[PDB]
Every structure is written in structure tokens, then in C-alpha cells.
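Take a look at this one; I'll ask things after.
Chain nomenclature is as follows: A, B, C, D and E, assigned in order of appearance, with residue numbering initiated at 1 for each chain independently.
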């Protein structure tokens, strides 16, 4: 906002049986793509380096509400169950999940993000008037130090 | 008296920009005139001209060329810009001589 | 006429060694990075 | 698995990386010179004063 | 104003937008490395230049001895010296490749960037010329005299220009000293212009081997070209060091190991290879004035090049005819060089006049003509 970086952006953690895609996606004008990306890859980094207990406490309380939210109605419950079993084997209760969340702390995050983010070759999908995103190489280097 | 044609065709293969998949008129240096003509090109013809070049560059950077079967052929080269060009040069040549009057 | 003579040749040696090794290394890194481009592939897929 | 182990303890954090180059270089110097000097001298056996010194150092007058 | 800190900093915005985020074609070749090399080259000469200057004594009675002392007494003095004298060559080599490149790819269509270039060359040339006199050896001395003495061919306004330039009636101390000052100065002036050179360039971006809009596919200078550049550096620095560390004087004539003596003239007076081609043209015309002009124009001609482009295409890549004419020219310089390292006796002389005669002829008539003719074969 301070810089009008984009239009929208989102963090996603798609999970598949044996794999998954962790990242983000933003939409933006042809001339702010760069600054935006830059900042994004940046934040990502900060994750592995200087994440605070304030950031997590907040993230947890957010996640909690978000999980609870997925179970607002009947349709959204069967979905979860249809899934939970099929994917996880058992079925995880908000009580279980929650505790699994209350257990996380700053230190824990920096370690996991580091594990799957830091110095890793990423996948990139650019679509549209992207003349400013350019060079995987650069994009690659944005995967370390911050 | 096919002397000429024989030559033009020779030189054509001599310069060999086909090897890159270019068209005579792709290689045209973008002076003010050319600059103008290109702007007039119908979306498609222009968008095509583009790729061809972006393709050619990627080759040159790679230090490769197109496989012999894909090169362009003297008679299949489409002078897509010449017409647009000539006119520009005609239009300008007019203006110019009229500002002397 | 050139007392250095010796030390200068002793240097030439050292210089040739470092040189050769450091050029090799750089050449890798140059290629490495550039790979991204030389390996690149493009297609022209209009809407037709 | 040196490449692995290396990428982990060494080339990972841009800090330990640098720290390696430093120390690493130290070793390199300390031992590159030896080799070089040694090689050079060998190619000049008995021509250098380092060799023909014994002939005047404490053996004359 | 901005997020990161190299676009909102009135300084890093100049160390960035000129060497890191700089839009570069993706297909420029090795003939584009000479740019940075030329720079790096300067960065070095100046440095070794000072380091020497800190031990030199500009005086017709100490110049030689100082340089000598510099070599025999100063720590790594000899090394520092070699590097400088050889840095000179390395400098020219890089410049000539740089220039050739520009000619073979019509980079000279970048008018300003070009003209600044030419000047830069001129300055570099003058610069060496003075630096050569400093060691005050036979060649140092005589090269001075032979050249400076040309000026006296100009009518009226010259017979004076010379005695003014010498600070006396012949090349002597008054000269040495002022030359030293000049040699200290010019390098900086080069660095200066070089800045302007790179600016006029960044006004259009690099020309690419194909000679067609690069906008369709440009890459960031870093790491692509920064990396390429450094490799290029090493691939040169090697022979530069290799010759300067194993064959020091391979290039430099010996008569310059003999303290200058205005009373006796060396058997043969001939410059360093990079001035040979010119020397040869100067000596082709028998008439101080004419030869002078030929020398001048032999290098000044460059300015014309732009106005002598007739092809509808830019680079010679797709113009076979021009290409050979181009190589005929290059070889034409080699010859002139050689002819310059030889005396003034048959056959040399005749070969001499021809070579020079063909040198101008090419850049003046062939190139522009074969260009036109070329165009018509494309049917344009």
C-alpha cells in the first residue's frame, strides 16, 4: 500500500499426498511487478531469519480462526472429513489441530521456513505484461540473505 | 536474362539471415522511417515479426542457428514492410519538398 | 641488468598457476549462470 | 558425502561461507607458495645461491 | 520514496542503474567485453602510474636514473613498472578490438557515444606519447624530437607553436617537466570523458551483433555480463601478465636503455607497435606537411565513419561483401604496422604508399560504395 505494489497477493500451502507447492501469487501493474516481487521474496526471507514471537502469536490466533472457519456449516464439514480421512487417514479435531498450533513458536518457524525456503531453486509462473519480472537468476538469489 | 535474379538469390543466401529464421525486412535497421512503418503494421504481422527476432536473438546468444530445413528461402521471404515503408518515404519526401516552396 | 630476473620468473610460475585455476573456476560460474539462457526454450502460441 | 556436508556447514549461510573463504585462503596461501617455491627451485637445482651458499658460509680464510 | 536501497539513494542509484539493473541485450558477444576491460585497464594504469610517479624525478639529469632506481631499489618497483609499460599495450589492444568491434557492428551509429570514443582514443594516444618521453632514453628523446618537429610544417603559425611546446629551442628539460605534468593530467581527463562516453551509451543501450531491436529480449547486466566481463578480464590479463612476467622487453626497443643523448641519433627511430601503423602513413608522404596531414587524418578519419554508412542494415553479420572488405582493411593495418617497423628503402616505401593509399580508399570509397551496391542486391 505504502508503494502501491500490487492489486492482490496471497500465500498458499497446497498440499498433495507425497508433495506440495509453497509460495505466493500476486497480481499487479506491469511497472510495479519488480518492486512487489522484491518485497515478497524479501518477507519470505525475513521468515527464515528474524521472525518474532509477536508475529507468530498473531499468526496462530489468525490460523485458529481460519481453521474454525472452514467448518462453518454442513457442506464445509463433510468436505473436511471427506478429506481428512482420505488424506490424513484419521480425522483431526479442532482440539488436536489447535494444540499442534499452540506448540509453534518463532524459533520453530525460522527453522521450518529455512528448511523449505532458504537457498532453494523455485518455480515461477509469469503471465501477462511481465517485461519487468525478468531473470530467474536474480529471482533465485532472492532466496537467501535478508 | 536471369543474371540479376541469379545474383539476388545468391547474395540472399550469402547474407544468410534466413539461417536465423529472419525475413529480409526483419534485419532492417530501425531508422526514423522504418520506426514509423513498423508502427503501422497490422497487429498480427507485427507480432510475428517480433517473435522472429526474439527467436533470432536467443539463437545468436546461444551461438546456434535454425536447422537447415527451417531456414527461409529466397522466394518464400515475405517483404511485409517494404510497402509500408516506401509510402512513409513517399509521404515524407512530399512534406519535405513542400516546406521549401 | 635485471637482478629481479629470477624472482620475476618465480612469479611468472605462481601467476600461471593461480591464473589457470582461477580462469577455469570463473569459466564454470560464467557458464553455470548463463545456462539459464542457453538452455532456454520459447514458443509462439497466439490465440488463433 | 562431502558435497552434501559442505553445502550444509560451509556454503549454506552466507556467513560460514565467507568465513570459509578466509580461513580456506589462509591454508591455500601457506601451502601454495611452498609447492610453487619448491617446484621453481627444483627446476633450478644448484643454480640458486640457496644451493651454492655452503661454499663460503663458514668455510674460508 | 522506494522500498530497497539502491534506487532511492542518489549514489547507489548510479552504482546500480549503470552496472547491475542496466538493461543489456541477451546476445552481445565477447566483442562487448572490451568496454569494461578498457575501463579496468585505465583504473590500473592510473594506479601503477602514480605508484611510479611517487618515485620518479622529472629532470634531464635524473629521469633515467630515477626510473632505474625505481626498478632496482623500490620494493616491487620493477614489477610495478613493467605492469605500467605493458599496461600501455594491453590498453591499446583492448582499444583497437573495441574500435574494430564498433565498426563491424555499426555501433558508430550511436554518434555521440562514438565521437566521445574517438576523443578518448586521441587523449589516450597523446597520453602515451608523453609517458614515453619520461624515462628519457634515446628513443624517449628522439621520438619526442621527430614528432614534435612535425608541427614546424604548418605555415607561419607553427614554427612558433613548436618552440612554445618545447619551452625552448629543442626537446630539453623544460619539455620533460611539462610532459610529466601532462602525463599526470591526461589520464584523469580520460577517466572524465569515459564517464560522458558511458552516459551517451546509456541513452540508447548496447547495440547487439544482429543489429535489430533487443527490446524483445534484454537481460540484467548482473550477473550475466558482470560474470562474462570478469571472465573476459582473466582471458586477457593472462597473456598481459604472461608477456610482462616472462618476456618483459619483448615489445620495447632497446635504444631506450641508453640514456638520451641529443648529440647522437639512434640507427632506427621507431615507436611502439601501437603507433607503427601511423608512423608508416606519416613516412609514406614525402613532405613533412603532407605526411603530417595524412597522420592526422589517418586517425581523425574515424569521425567521418558514421556519415559513411550506406547499408540498410547495421551490422555486417548479414553482409558478406562488407565483411571481407572489413578484414581486408584489418589486414591492411597489420601491413601498415609492419611497414612502419621497417626503414625507408625499396620495396618498403612503395608497399608503404600503397597500404596507406588503400587504407583511406577503403574507409572513404569502398565501404560506402560496396554498402550501396550491397543494398541493391537485397533489392532495397
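In the analysis below, a residue touches a chain if its C-beta (ideal position, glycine included) is under 8 Å from a C-beta of that chain, and two chains touch if they have at least 3 such contacts.
Visitor: On the document's contact criterion, could you list the chains that touch chain B and likewise touch chain D?
Guide: Chains touching both chain B and chain D: C.
Visitor: Which chain has its Cα centroid closest to the overall Cα centroid?
Guide: Closest chain centre to the overall C-alpha centroid: C.
Visitor: If every chain is reduced to the average of its C-alpha atoms, which one ends up farthest from chain B?
Guide: D
Visitor: Taking each chain's centre as the mean of its C-alpha atoms, give the chain farthest from chain A.
Guide: E
Visitor: Can you work out the whole-Å distance between the CA centroids of chain C and chain D?
Guide: 23
Visitor: When the C-alpha atoms of chain A and chain E are each averaged to a single point, how far apart are the two points in Å?
Guide: That pair's centroid distance is 57 Å.
Visitor: Take the average of all CA coordinates in chain A, do the same for chain D, and state the distance between these two points in whole angstrom.
Guide: Taking the average C-alpha coordinate of chain A and of chain D, the gap between them is 49 Å.
Visitor: How big is the gap, in whole Å, between where the Cα atoms of chain D centre and where those of chain E centre?
Guide: That gives a centre separation of 40 Å.
Visitor: Using the touch definition from the top, which residues of chain E touch two or more other chains?
Guide: In chain E, 26, 219, 223-224 touch at least two other chains.
Visitor: Where in chain C do residues touch at least two different other chains?
Guide: In chain C, residues 9, 33, 37 touch at least two other chains, as defined above.
Visitor: Would you identify the shape of the chain contact graph, picking one of line, ring, star, complete or other?
Guide: It is other, because the touches fit no line, ring, star or complete pattern.
Visitor: Show me, using the given definition of touch, all chain pairs that touch one another.
Guide: Inter-chain contacts occur between A-C, A-D, A-E, B-C, B-E, C-D, C-E.
Visitor: Help me check something: in the complex, which residues belonging to chain A touch chain C?
Guide: 135-137
Visitor: State the interface residues of chain A toward chain E in the complex, per the touch definition above.
Guide: 3, 35, 38-39, 134-135, 137-138
Visitor: Using the touch definition from the top, list the residues of chain C that touch chain D in their complex.
Guide: Those residues of chain C that touch chain D are 6, 9-10, 13-14, 17-18.
Visitor: Where on chain B is chain C touching in the complex?
Guide: It is residues 44, 47-48, 51, 54-55, 58, 61-62 of chain B that touch chain C.
Visitor: Along chain C, where are the residues that touch chain B in the complex?
Guide: Listed in rising order, the residues are 37-38, 40, 42, 44, 46.
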